[PDB]
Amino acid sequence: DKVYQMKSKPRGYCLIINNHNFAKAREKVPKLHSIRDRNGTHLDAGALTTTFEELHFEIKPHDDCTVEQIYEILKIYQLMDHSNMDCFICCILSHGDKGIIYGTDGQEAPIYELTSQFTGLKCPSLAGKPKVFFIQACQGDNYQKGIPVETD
């Protein structure tokens, strides 16, 4: 089995976009008038910080980002020189809907628009290198039903 090289120290950047305060969405986007502040999200930001620092990544946290601010942060990292890194990780903690995440302003960013900032052509210094995105958000407002199975 071929394995991605994972030897640099640090391994790479681990961005954390940690969206908590959705007052602006509530005020500006009529259908989001009741979407709640994401109380407790800092516990995930901290868990990701502990975890990926232990795995030798440089953590880059950002709190409470509108859609425009998210694209600006991603552009900064797309334009950085990752030549001496072996990997790039981006964690997004926010509200979302089908195929999108919401900024704190309730504007929408399609997930493909976030990941595609780091294609090989847009970020050649990450070409051939793993790019990992973790998206903690809803993807709709339906509840996933359960099914009964035998215990393991």
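Throughout, we count residues from 1 along the sequence that is shown.
Relative to its counterpart among 28-36 and 104-112, 28-36 has the higher mean temperature factor, C-alpha atoms as listed in the PDB entry. On average the C-alpha atoms of 79-87 have higher B-factors than those of the other stretch, with 115-123 and 79-87 being the two compared. Among all modelled residues in this chain, the alpha-carbon of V132 has a temperature factor (C-alpha) in the lowest third. The PDB entry assigns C14 a C-alpha temperature factor belonging to the middle third of its chain's modelled residues. Per-chain ranking of the deposited C-alpha B factor places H62 in the middle third.
When the modelled residues of the chain are ordered by their C-alpha B factor, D44 lands in the lowest third.
In the PDB entry, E53 places in the middle third of its chain by CA B-factor.
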